[PDB]
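S.K.: If you scroll down you'll find the structure; I have some questions about it.
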Amino acid sequence: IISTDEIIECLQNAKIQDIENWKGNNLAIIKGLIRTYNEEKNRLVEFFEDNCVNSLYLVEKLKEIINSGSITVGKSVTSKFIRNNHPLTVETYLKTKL
């Protein structure tokens, strides 16, 4: 599994001014956390509470990222979300789910 420090440090080094420059595992982590926030906001809230000490900073950063509107979201498409996406996205989504 990808360690839980990598996700919070990727959210910490995520830049609002670099929304169009997100390439690599950072975009996959961002897609996973925005899927978690779109599907289970409360589970993400206690995940950031138990995994980070600056939870309000992460919450307002996620709110600022989702208010940009320059990235795409995903609905319930059964296994197609597994099919046409990076596996890092689905493992960081399922790690923040259960």
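Following the order of the structure tokens, chains are lettered A, B, ..., residues in each are numbered from 1, and ligands are numbered from 1.
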Report as an MDAnalysis selection string: the residues of chain A with a DSSP assignment of alpha helix (DSSP H), based on the backbone of this structure.
M.R.: chainID A and resid 4:12 25:39 41:51 55:66 80:83 87:95
S.K.: Can you tell me which residues surround residue A:68 at a distance of at most 12 Å, considering only C-alpha atoms, apart from same-chain residues fewer than 2 positions away, and format the answer as number ranges by chain?
M.R.: A: 15-20, 61-66, 70-72
S.K.: Skipping near chain neighbours, those fewer than 4 positions away, what residues fall within 12 Å of residue A:13 using only C-alpha atoms, listed as a PDB file with N, CA, C and O atoms, in the first residue's frame?
M.R.:
```pdb
ATOM      1  N   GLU A   6       2.507  10.031   2.337  1.00  0.00           N
ATOM      2  CA  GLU A   6       2.658  10.509   0.966  1.00  0.00           C
ATOM      3  C   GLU A   6       1.438  11.304   0.514  1.00  0.00           C
ATOM      4  O   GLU A   6       1.579  12.324  -0.167  1.00  0.00           O
ATOM      5  N   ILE A   7       0.239  10.871   0.914  1.00  0.00           N
ATOM      6  CA  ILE A   7      -0.990  11.546   0.500  1.00  0.00           C
ATOM      7  C   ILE A   7      -1.078  12.938   1.118  1.00  0.00           C
ATOM      8  O   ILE A   7      -1.366  13.926   0.427  1.00  0.00           O
ATOM      9  N   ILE A   8      -0.818  13.040   2.425  1.00  0.00           N
ATOM     10  CA  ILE A   8      -0.908  14.337   3.086  1.00  0.00           C
ATOM     11  C   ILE A   8       0.234  15.250   2.657  1.00  0.00           C
ATOM     12  O   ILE A   8       0.039  16.464   2.533  1.00  0.00           O
ATOM     13  N   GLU A   9       1.423  14.702   2.379  1.00  0.00           N
ATOM     14  CA  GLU A   9       2.497  15.564   1.897  1.00  0.00           C
ATOM     15  C   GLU A   9       2.257  16.007   0.454  1.00  0.00           C
ATOM     16  O   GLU A   9       2.664  17.111   0.076  1.00  0.00           O
ATOM     17  N   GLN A  17      -1.809  27.604  -7.870  1.00  0.00           N
ATOM     18  CA  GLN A  17      -1.344  28.235  -9.100  1.00  0.00           C
ATOM     19  C   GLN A  17      -0.897  27.231 -10.157  1.00  0.00           C
ATOM     20  O   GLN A  17      -0.657  27.633 -11.301  1.00  0.00           O
ATOM     21  N   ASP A  18      -0.778  25.951  -9.814  1.00  0.00           N
ATOM     22  CA  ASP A  18      -0.313  24.914 -10.729  1.00  0.00           C
ATOM     23  C   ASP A  18      -1.399  23.874 -10.983  1.00  0.00           C
ATOM     24  O   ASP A  18      -1.144  22.668 -10.958  1.00  0.00           O
ATOM     25  N   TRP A  22      -0.483  19.754 -13.142  1.00  0.00           N
ATOM     26  CA  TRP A  22      -0.578  18.541 -12.333  1.00  0.00           C
ATOM     27  C   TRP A  22      -0.401  17.328 -13.236  1.00  0.00           C
ATOM     28  O   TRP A  22      -1.316  16.940 -13.966  1.00  0.00           O
ATOM     29  N   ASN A  26       0.633  13.005  -8.425  1.00  0.00           N
ATOM     30  CA  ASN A  26      -0.072  14.066  -7.712  1.00  0.00           C
ATOM     31  C   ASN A  26      -1.488  14.250  -8.244  1.00  0.00           C
ATOM     32  O   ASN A  26      -2.428  14.443  -7.463  1.00  0.00           O
ATOM     33  N   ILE A  29      -3.546  11.341  -6.935  1.00  0.00           N
ATOM     34  CA  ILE A  29      -3.900  11.558  -5.531  1.00  0.00           C
ATOM     35  C   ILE A  29      -5.009  12.599  -5.412  1.00  0.00           C
ATOM     36  O   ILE A  29      -5.947  12.443  -4.618  1.00  0.00           O
ATOM     37  N   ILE A  30      -4.931  13.661  -6.223  1.00  0.00           N
ATOM     38  CA  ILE A  30      -5.950  14.710  -6.222  1.00  0.00           C
ATOM     39  C   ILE A  30      -7.296  14.162  -6.691  1.00  0.00           C
ATOM     40  O   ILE A  30      -8.343  14.466  -6.102  1.00  0.00           O
ATOM     41  N   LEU A  58      -6.214  21.430   5.522  1.00  0.00           N
ATOM     42  CA  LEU A  58      -6.477  20.496   4.431  1.00  0.00           C
ATOM     43  C   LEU A  58      -7.899  20.646   3.900  1.00  0.00           C
ATOM     44  O   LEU A  58      -8.127  20.553   2.687  1.00  0.00           O
ATOM     45  N   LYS A  61      -8.029  23.860   1.887  1.00  0.00           N
ATOM     46  CA  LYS A  61      -7.275  23.656   0.653  1.00  0.00           C
ATOM     47  C   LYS A  61      -8.072  22.833  -0.352  1.00  0.00           C
ATOM     48  O   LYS A  61      -8.089  23.150  -1.547  1.00  0.00           O
TER      49      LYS A  61
END
```
S.K.: What is the atom CA of residue A:75 to atom CA of residue A:48 distance in Å?
M.R.: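 According to the coordinates, atom CA of residue A:75 and atom CA of residue A:48 are separated by 22.8 Å.
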S.K.: Can I get the residues of stretch 46-97 of chain A within 7 Å of stretch 33-42 of chain A, each with the closest pair of atoms and their distance in Å to one decimal, using only C-alpha atoms, sorted chain first then ascending number, as a tab-separated table?
M.R.:
```
residue	atom	partner	partner_atom	distance
A:46	CA	A:42	CA	6.4
A:73	CA	A:35	CA	6.9
A:74	CA	A:35	CA	6.9
A:93	CA	A:36	CA	6.1
A:96	CA	A:36	CA	6.8
A:97	CA	A:36	CA	6.9
```
